[PDB]
Amino acid sequence: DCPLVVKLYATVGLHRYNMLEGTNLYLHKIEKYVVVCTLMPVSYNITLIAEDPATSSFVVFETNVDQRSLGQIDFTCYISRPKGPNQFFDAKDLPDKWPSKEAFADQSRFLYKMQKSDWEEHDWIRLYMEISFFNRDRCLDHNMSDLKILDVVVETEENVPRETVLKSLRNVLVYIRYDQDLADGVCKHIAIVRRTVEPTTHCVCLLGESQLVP
């Protein structure tokens, strides 16, 4: 069967397309992928089938991702479109902690404390959590249903309506507090992910780091 990283990158590609086009294409299957390894796998060219329930059609779809790390989120999605751009990455440091109360009080910074309904209606938040969890240890037999979102904060560069933060493909910094179900209790996680979007190409770069809650 298909490696989890390929399924996740296919879903990232559908995320980029759906957000830019206002569509609801869902992953049906992976047909094939080509990976370039300069020892490390650095590029994936994935051919996938998406389902479009609005027309009951299955659309062959191409996604291209360049990957720069195996141990944390660090990749760029360059192409994501029906089948038939220059390098873009993020070099600036990530915050190492959840935003403090003073970050909210700082009127030059725009932070959005999400409600459960907000992340339930916009599943790219769950996607970024799932990719973060995967990069903690890619050798595990991941069960994404063990993950439960507890709190989400998004930071933008501009003072915009909450709907824009959730629905438009713009630059965001996402903080996700989530529990991993263990019988042996739960494990407490925080993921921090910066999405940067190239203004003309709309290429999407994700840079992320994960931490455990004491």
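Residues numbered from 1 in each chain as written, not as in the entry; some residues may be left out. Heavy atoms only, no water.

Judging from the entry metadata, X-ray crystallography is the method by which this structure was determined, and 1.90 Å is the reported resolution.

As recorded in the PDB entry, the protein chain goes by the name MS5a, listed as coming from Brassica napus.

Visitor: What is the right way to read the overall build of the protein chain from this model?
Guide: Assigned secondary structure in the protein chain consists of five helices and nine strands. Its C-alpha atoms give the protein chain a radius of gyration of 17 Å, within 12% of the compact-globule value 17 Å for 214 residues. A principal-axis box enclosing the C-alpha atoms of the protein chain has dimensions of 50 × 40 × 35 Å. Residues classed as buried in the protein chain amount to 47% of the 214 residues present. In the form shown here, the protein chain has an accessible surface area of approximately 11500 Å², with 50% of it arising from carbon and sulfur atoms. (Helix = DSSP H or I, 4+ residues; strand = E, 2+ residues; numbered from the N terminus. Rg over C-alpha atoms; globule rule 2.2 N^0.38 Å. Buried < 20%, exposed > 50% of the residue type's maximum accessible area, 1.4 Å probe, protein only. Areas by Shrake-Rupley, 256 points an atom, 1.4 Å probe, with all protein chains shown as cover.)

Visitor: I'm lost on the pattern of salt bridges in this one. Help?
Guide: For side chains of opposite charge, pairing can occur when their charged atoms come near one another. In the structure shown here, the tally under the stated rule is twelve salt bridges. A salt bridge links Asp-179 to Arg-177; the shortest N-O distance between them is 2.8 Å. When salt bridges that share partners are traced, they join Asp-90, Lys-92 and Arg-194 into one network. (Salt bridge = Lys/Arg side-chain N within 4 Å of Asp/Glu carboxyl O.)

Visitor: I tried to follow the sheet that holds strand β9 (residues 204-212) on my own but got confused; where do I start?
Guide: Backbone hydrogen bonds are what pair the strands of a sheet, in a parallel or an antiparallel way. Strand order in the open sheet formed by nine strands is β1-β2-β3-β4-β9-β8-β7-β6-β5, with antiparallel pairing between adjacent strands. At either end of the open sheet lies a strand with only one pairing partner, and these are β1 (26-38) and β5 (110-113). Adjacent strand axes in the sheet meet at a mean angle of 25°, parallel and antiparallel pairs treated alike. Here strand β7 (residues 172-181) runs beside strand β8 (residues 186-197); their pairing, made up of ten bridges, is antiparallel. Bridge pairing links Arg-177 to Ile-190 in β8. Relative to strand β4 (residues 74-82), helix α1 (residues 4-21) is tilted by about 60°, and along the sheet it contacts β1, β2 (40-52), β3 (57-67), β4, β8 and β9. (Pairing = 2+ DSSP bridges. Axes fitted to C-alpha atoms, helices over the stretch in contact; angles between N-to-C directions. Contact = heavy atoms within 4.5 Å.)

Visitor: In this structure, what is going on with the pairing of β9? I would like to understand it.
Guide: Consecutive side chains along a regular strand alternate between the two faces of the sheet. By the bridge criterion, four bridges tie β4 to β9 in an arrangement that is antiparallel. Its bridge partner being in β9, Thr-76 is matched across the sheet by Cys-205. Adjacent in sequence and paired antiparallel, β8 and β9 are bridged by six residues, among which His-202 carries a positive phi angle near 60°.

Visitor: Would you take a moment to explain the layout of surface pockets for this structure?
Guide: If a probe the size of a water molecule is rolled over the atoms, the empty space left behind becomes visible. One number sums up the size of the largest pocket: a volume of about 700 Å³. Lining of the largest pocket is provided by 24 residues; of these, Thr-11, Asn-18, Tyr-26, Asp-123 and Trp-124 occupy positions nearest its centre. At the level of secondary structure, the elements contributing two or more residues to the lining of the largest pocket comprise α1, β1, α4 (124-136) and α5 (162-167). If you tally residues by element for the lining of the largest pocket, the top one is α1, at eight residues. Considering only residue class, the lining of the largest pocket consists of eleven nonpolar, seven polar and six charged. Looking at the second largest pocket, its volume works out to about 150 Å³. What lines the second largest pocket is simply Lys-116, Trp-119, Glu-120, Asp-123, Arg-126, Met-129, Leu-147, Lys-148 and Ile-149. (1 Å grid on protein atoms, 1.4 Å probe; cavity = no way out; pocket = protein on both sides within 12 Å on 5 of 7 lines; lining within 4 Å. Points joined across faces, edges and corners; volume = space filled by probe spheres on them. Nonpolar A, V, L, I, M, F, W, Y, C, P; charged D, E, K, R; others polar.)

Visitor: Would you explain unusual backbone geometry in this entry?
Guide: The phi angle of most residues is negative, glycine excepted, and most peptide bonds adopt the trans form. Positive phi, close to 55°, is recorded for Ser-56, a residue that is not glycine. Mapping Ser-56 onto the fold places it in the loop between β2 and β3. Unusually for a residue other than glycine, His-202 sits at a positive phi of about 60°. In this structure, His-202 sits in the loop between β8 and β9.

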